[PDB]
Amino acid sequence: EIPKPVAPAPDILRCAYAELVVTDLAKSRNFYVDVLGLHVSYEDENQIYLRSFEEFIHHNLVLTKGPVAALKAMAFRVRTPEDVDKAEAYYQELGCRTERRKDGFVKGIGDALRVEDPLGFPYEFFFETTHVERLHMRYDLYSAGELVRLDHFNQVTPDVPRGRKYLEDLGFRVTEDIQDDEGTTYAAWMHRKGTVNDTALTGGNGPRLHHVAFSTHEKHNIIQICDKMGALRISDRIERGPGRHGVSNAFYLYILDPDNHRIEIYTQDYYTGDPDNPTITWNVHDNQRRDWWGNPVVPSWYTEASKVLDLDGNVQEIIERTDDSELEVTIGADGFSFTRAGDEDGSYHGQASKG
């Protein structure tokens, strides 16, 4: 168990940006700018800084050239400058390695703390950031597939209850989860900003970054991304979807960048800001929990995820999940799922749905 510090938790506003190490900057730029339409906040020969349509902070995504593609930092904005001090004291009490840079790690961020958190993830906490032109009414720039906000992150970690309790202590509230009757937890979603998630835990070998998610305004914007990828003859980089999620109720798509970093496109989840927001638990065998339409979840979605770095920039060693595998219990040889609980019609045994 990760104990609760006596030091007060930092007041976390939201997920704010991710720094991804990429191997070929120009190829990554083509994907995130030319295909996906993110907006350039700064670039040079080593980094590209990108933001979504409605953002006013400096960036939502930093692409950093490096030898090994990996998550370098998942950053959360905190409410006040003093909250960076709180974060430092909190993680120090947890016994975690921390690094404070009063002038930031990346451009357009000021005083910032990076930590190797108890689950092995590189978290950053910052308040100070350079404001930029908020493009929310720049419809002269608006793409048919426009990405409008950074929505969340999703982390692969072996022991979901352990991570959950740690995030709850940090002030994240669980909105949805997936469990079975035997008591295993397979996934949880948790928030600060009053949407279904800011970060999420997916049971698996970790620490690995499952995905970063961006929002669109409407469902047709997501469709357009798929349509554009077909036109560019990169439909093989569409991993899963588009679909309606069970968990979150959002319309979604998963796609793969040039280093196989997974990006979710997402819209139209619901408000979770009330403190007694009802928590929704789905059964792992419910074939509408992930895709509400019952489309099968391809195995790669369960098994593949990005490396993460420590504060020296080396790859974090991975810890194998010992709890039951969601893949194995649903679509593996001894797995099953149902459409209607208790009905063998519309159930799937030892394979996935739809055929």
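Numbers for residues come from their place in the sequence shown, where the first is 1.
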## Note on the structure
With B-factors read from the PDB entry, the higher C-alpha mean of 176 to 184 and 196 to 204 is in 176 to 184
### Query
Got a sec? Mean C-alpha B-factor, which is higher, 249 to 257 or 167 to 175?
167 to 175
### Query
Looking at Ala213, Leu119, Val78, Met137, which has the highest Cα B-factor in the entry?
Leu119
### Query
Among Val132, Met190, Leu94, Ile234, where is the Cα temperature factor highest, going by the PDB entry?
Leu94
### Where the record places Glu45 (Cα B-factor, split into thirds across the chain)
highest
## Note on the structure
For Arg51, the third of its chain by CA B-factor is the lowest
### Message
Quick check for you: using the entry's CA B-factors within this chain, is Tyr90 in the lowest, middle or highest third?
### Response
highest
### CA B-factor ranking of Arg100, expressed as a third of its chain
highest
#### Entry: Among modelled residues of the same chain, the CA temperature factor third for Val160
highest
